[PDB]
Protein chains: 2
Amino acid sequence: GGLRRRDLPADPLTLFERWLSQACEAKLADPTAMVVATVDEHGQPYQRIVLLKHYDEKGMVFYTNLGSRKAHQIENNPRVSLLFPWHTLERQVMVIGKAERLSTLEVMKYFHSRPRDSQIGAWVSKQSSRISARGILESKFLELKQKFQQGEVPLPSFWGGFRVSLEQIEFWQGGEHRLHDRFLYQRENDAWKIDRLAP
Amino acid sequence: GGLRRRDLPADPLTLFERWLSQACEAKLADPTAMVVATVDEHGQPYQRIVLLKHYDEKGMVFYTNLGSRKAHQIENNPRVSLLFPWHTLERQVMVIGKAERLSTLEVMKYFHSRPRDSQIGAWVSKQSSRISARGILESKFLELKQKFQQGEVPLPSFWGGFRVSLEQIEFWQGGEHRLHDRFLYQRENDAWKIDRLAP
Ligand SMILES: Cc1cc2nc3c(=O)[nH]c(=O)nc-3n(C[C@H](O)[C@H](O)[C@H](O)COP(=O)(O)O)c2cc1C
Ligand SMILES: Cc1cc2nc3c(=O)[nH]c(=O)nc-3n(C[C@H](O)[C@H](O)[C@H](O)COP(=O)(O)O)c2cc1C
Ligand SMILES: Cc1ncc(COP(=O)(O)O)c(C=O)c1O
Ligand SMILES: Cc1ncc(COP(=O)(O)O)c(C=O)c1O
Ligand SMILES: Cc1ncc(COP(=O)(O)O)c(C=O)c1O
Ligand SMILES: Cc1ncc(COP(=O)(O)O)c(C=O)c1O
């Protein structure tokens, strides 16, 4: 139908929820999958996909290994971008914001909700580091599977999460003749300013 | 089946071609769609999706408006990342490289291959700038549609392209227990060094 300004909610999260909901409703693969880009110390951007696990006015949350590249990069530069690749629905959602570490309480809560085998997996992988063979991973997995026996499988100290603040949220929706609809929500003192951007 | 080092081609492009081919073969939406991330002058990364239009040992090519945000950003920092979001196939391809402008000859060649209405659209949109209403776009479109009458519709001077060099190419493929396969191809003097990365 198109995207007209007069139909936009004041809070970008309202619009995001609808699009997310419809994405699940359309059974797209991993509707919560978002591309998170970070920057290293030399000005070089880096990307990898992560899963959005929670969101609210404070920002969007995802979990990762604290010794990974994305983590090292965020510690040197917290500015990150998030892009939800919903093009099968002719849609795109981009977020600009600052990443901050979640508290152990939050992390513990979420970690103990993941499939056991997944919790064990968390222990196995020294994310982003070069390993000489896949076998290293599989061996540790088995070793830990029984070591724990799963008394409850502990939260690794190198596992955490980040919350990305909402400073800017862009919505994109397909248009014919290459003339798409773009609306940029810009935080401006707890309030949002909306502008249509040329496609 | 999995991804073992012994099965990797020496040239990462060989592996990329197979995965791209299979992606089209699987009828994923826009198999050529890739997320391109750039960095602004403040260290802030930015993302938007663009279409890969050509690739070879020199790098990956895509077209865009030369006055856009991505273009301004590339002019200040040419380091870019490219991520092909093929997660419906439990796959991921990430490229690190430098973006460089294509020559007018190349651009002219590709531009005149796009649907007429698409060529006209190129003229209409001052990409990334704030516009007060969608009507601005539609009006110009009609005005230009007949202005040109389409004698051939000229190449706008503000339309171009970039080629991103292949300095690093990462392949990711789903694994159970969160233990995925990751291989990072690293340019090292016209040659490629391969390392498996912890997931
Ligand atoms: C659909 C999908 C979901 C993923 N979710 C996560 C996630 O939530 N956290 C994570 O650390 N890695 C996740 N990954 C793997 C990452 O893309 C990446 O390989 C890993 O975090 C290491 O990135 P880094 O080396 O840039 O730090 C996911 C991959 C796919 C394809
Ligand atoms: C599937 C798909 C393909 C796209 N391909 C391109 C492209 O090749 N070139 C382009 O300039 N914009 C393309 N866009 C629109 C961009 O994502 C973006 O909105 C536009 O280039 C402006 O980005 P910028 O403001 O960061 O410069 C595409 C969008 C989608 C969803
Ligand atoms: C390395 C890694 N960590 C975390 C996740 C997702 O978190 P969870 O296992 O709690 O669904 C993924 C999903 O693919 C992943 O690959
Ligand atoms: C699975 C895993 N990841 C990360 C680390 C430590 O991270 P780093 O060596 O980058 O300080 C460890 C240390 O034992 C680990 O076992
Ligand atoms: C603004 C813009 N430019 C270019 C393209 C793709 O190039 P082409 O029209 O030659 O297929 C797209 C595709 O969605 C686009 O949205
Ligand atoms: C469609 C379009 N894009 C871009 C520009 C110029 O770009 P900028 O104002 O950022 O120098 C023009 C100038 O006429 C234009 O017509």
# chains A, B, ... in the order shown; residues from 1 in each chain; ligands from 1

call {"tool": "interface_residues", "arguments": {"of": "chain A", "to": "chain B", "cutoff": "7 Å", "atoms": "only C-alpha atoms", "output": "PyMOL selection string"}}
result
chain A and resi 29+37-39+43-47+79-81+83+88+94+117-118+121+125-133+177-179+195-199

call {"tool": "select_by_dssp", "arguments": {"residues": "chain B", "states": "alpha helix (DSSP H)", "output": "PDB file with C-alpha atoms, in the first residue's frame"}}
result
ATOM      1  CA  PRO B  12      37.567 -17.822  -1.982  1.00  0.00           C
ATOM      2  CA  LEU B  13      35.663 -16.646  -5.081  1.00  0.00           C
ATOM      3  CA  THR B  14      35.226 -20.281  -6.137  1.00  0.00           C
ATOM      4  CA  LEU B  15      33.442 -21.033  -2.891  1.00  0.00           C
ATOM      5  CA  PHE B  16      31.455 -17.817  -3.138  1.00  0.00           C
ATOM      6  CA  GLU B  17      30.248 -18.650  -6.632  1.00  0.00           C
ATOM      7  CA  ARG B  18      28.972 -22.032  -5.483  1.00  0.00           C
ATOM      8  CA  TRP B  19      27.162 -20.558  -2.500  1.00  0.00           C
ATOM      9  CA  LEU B  20      25.726 -17.756  -4.668  1.00  0.00           C
ATOM     10  CA  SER B  21      24.641 -20.215  -7.286  1.00  0.00           C
ATOM     11  CA  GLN B  22      22.964 -22.419  -4.700  1.00  0.00           C
ATOM     12  CA  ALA B  23      21.286 -19.388  -3.170  1.00  0.00           C
ATOM     13  CA  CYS B  24      19.658 -18.563  -6.521  1.00  0.00           C
ATOM     14  CA  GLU B  25      18.987 -22.262  -6.967  1.00  0.00           C
ATOM     15  CA  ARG B  69      25.316   9.110   2.821  1.00  0.00           C
ATOM     16  CA  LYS B  70      27.208   5.946   1.925  1.00  0.00           C
ATOM     17  CA  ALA B  71      29.099   7.847  -0.762  1.00  0.00           C
ATOM     18  CA  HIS B  72      29.966  10.787   1.543  1.00  0.00           C
ATOM     19  CA  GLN B  73      31.090   8.319   4.170  1.00  0.00           C
ATOM     20  CA  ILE B  74      33.215   6.287   1.738  1.00  0.00           C
ATOM     21  CA  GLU B  75      34.927   9.499   0.569  1.00  0.00           C
ATOM     22  CA  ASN B  76      36.008  10.146   4.150  1.00  0.00           C
ATOM     23  CA  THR B 104      32.186   6.560 -16.085  1.00  0.00           C
ATOM     24  CA  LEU B 105      32.651   4.030 -18.885  1.00  0.00           C
ATOM     25  CA  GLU B 106      31.707   1.148 -16.589  1.00  0.00           C
ATOM     26  CA  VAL B 107      28.825   3.076 -15.024  1.00  0.00           C
ATOM     27  CA  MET B 108      27.448   4.151 -18.414  1.00  0.00           C
ATOM     28  CA  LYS B 109      27.548   0.530 -19.559  1.00  0.00           C
ATOM     29  CA  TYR B 110      25.535  -0.713 -16.611  1.00  0.00           C
ATOM     30  CA  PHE B 111      23.166   2.235 -16.335  1.00  0.00           C
ATOM     31  CA  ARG B 116      13.844   2.821 -18.458  1.00  0.00           C
ATOM     32  CA  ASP B 117      11.515   3.681 -15.588  1.00  0.00           C
ATOM     33  CA  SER B 118      14.408   2.750 -13.334  1.00  0.00           C
ATOM     34  CA  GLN B 119      16.795   5.042 -15.227  1.00  0.00           C
ATOM     35  CA  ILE B 120      14.308   7.867 -14.832  1.00  0.00           C
ATOM     36  CA  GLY B 121      13.945   7.038 -11.151  1.00  0.00           C
ATOM     37  CA  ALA B 122      17.689   7.531 -10.797  1.00  0.00           C
ATOM     38  CA  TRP B 123      17.182  11.133 -11.883  1.00  0.00           C
ATOM     39  CA  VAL B 124      14.324  11.782  -9.449  1.00  0.00           C
ATOM     40  CA  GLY B 135       4.954  13.963  -3.861  1.00  0.00           C
ATOM     41  CA  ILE B 136       8.234  15.652  -4.693  1.00  0.00           C
ATOM     42  CA  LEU B 137       9.444  12.291  -6.033  1.00  0.00           C
ATOM     43  CA  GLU B 138       6.347  11.405  -8.004  1.00  0.00           C
ATOM     44  CA  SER B 139       6.070  14.859  -9.605  1.00  0.00           C
ATOM     45  CA  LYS B 140       9.651  14.910 -10.840  1.00  0.00           C
ATOM     46  CA  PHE B 141       9.232  11.361 -12.141  1.00  0.00           C
ATOM     47  CA  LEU B 142       6.314  12.311 -14.413  1.00  0.00           C
ATOM     48  CA  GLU B 143       8.002  15.552 -15.464  1.00  0.00           C
ATOM     49  CA  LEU B 144      11.135  13.697 -16.506  1.00  0.00           C
ATOM     50  CA  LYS B 145       9.272  10.779 -18.064  1.00  0.00           C
ATOM     51  CA  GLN B 146       8.069  13.027 -20.831  1.00  0.00           C
ATOM     52  CA  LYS B 147      10.883  15.604 -20.756  1.00  0.00           C
ATOM     53  CA  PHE B 148      13.149  12.787 -21.899  1.00  0.00           C
TER      54      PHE B 148
END

call {"tool": "closest_residue", "arguments": {"among": "A:91, A:166, A:55, A:191", "to": "ligand 5", "atoms": "only C-alpha atoms and all ligand atoms"}}
result
A:91

call {"tool": "atom_distance", "arguments": {"atom1": "CA of residue 10 (chain A)", "atom2": "CA of residue 185 (chain A)"}}
result
9.2 Å

call {"tool": "residues_around", "arguments": {"residues": "residue 160 (chain A)", "least_positions_apart": "4", "cutoff": "6 Å", "atoms": "only C-alpha atoms", "output": "MDAnalysis selection string"}}
result
chainID A and resid 63:64 66 107

call {"tool": "write_last_selection", "arguments": {"atoms": "N, CA, C and O atoms", "output": "PDB file, in the first residue's frame"}}
result
ATOM      1  N   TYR A  63      23.003 -11.408  22.924  1.00  0.00           N
ATOM      2  CA  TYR A  63      24.085 -12.019  23.690  1.00  0.00           C
ATOM      3  C   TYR A  63      25.244 -12.490  22.837  1.00  0.00           C
ATOM      4  O   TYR A  63      25.061 -12.889  21.688  1.00  0.00           O
ATOM      5  N   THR A  64      26.442 -12.436  23.408  1.00  0.00           N
ATOM      6  CA  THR A  64      27.638 -12.851  22.690  1.00  0.00           C
ATOM      7  C   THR A  64      28.778 -13.204  23.656  1.00  0.00           C
ATOM      8  O   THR A  64      28.659 -13.014  24.864  1.00  0.00           O
ATOM      9  N   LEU A  66      32.208 -12.549  25.335  1.00  0.00           N
ATOM     10  CA  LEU A  66      32.911 -11.344  25.733  1.00  0.00           C
ATOM     11  C   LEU A  66      34.355 -11.231  25.261  1.00  0.00           C
ATOM     12  O   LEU A  66      34.986 -10.194  25.432  1.00  0.00           O
ATOM     13  N   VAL A 107      22.121 -11.362  32.251  1.00  0.00           N
ATOM     14  CA  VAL A 107      22.745 -12.436  31.498  1.00  0.00           C
ATOM     15  C   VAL A 107      22.444 -13.813  32.066  1.00  0.00           C
ATOM     16  O   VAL A 107      22.135 -14.738  31.317  1.00  0.00           O
TER      17      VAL A 107
END

call {"tool": "select_by_dssp", "arguments": {"residues": "chain B", "states": "strand (DSSP E)", "output": "PyMOL selection string"}}
result
chain B and resi 33-39+45-51+54-56+59-65+79-84+91-101+130-131+159-164+168-173+181-187+192-197

call {"tool": "atom_distance", "arguments": {"atom1": "atom 31 (C, counted along the ligand's line) of ligand 1", "atom2": "CA of residue 174 (chain B)"}}
result
6.8 Å

call {"tool": "closest_residue", "arguments": {"among": "B:175, B:156, B:67, B:151", "to": "ligand 6", "atoms": "only C-alpha atoms and all ligand atoms"}}
result
B:67
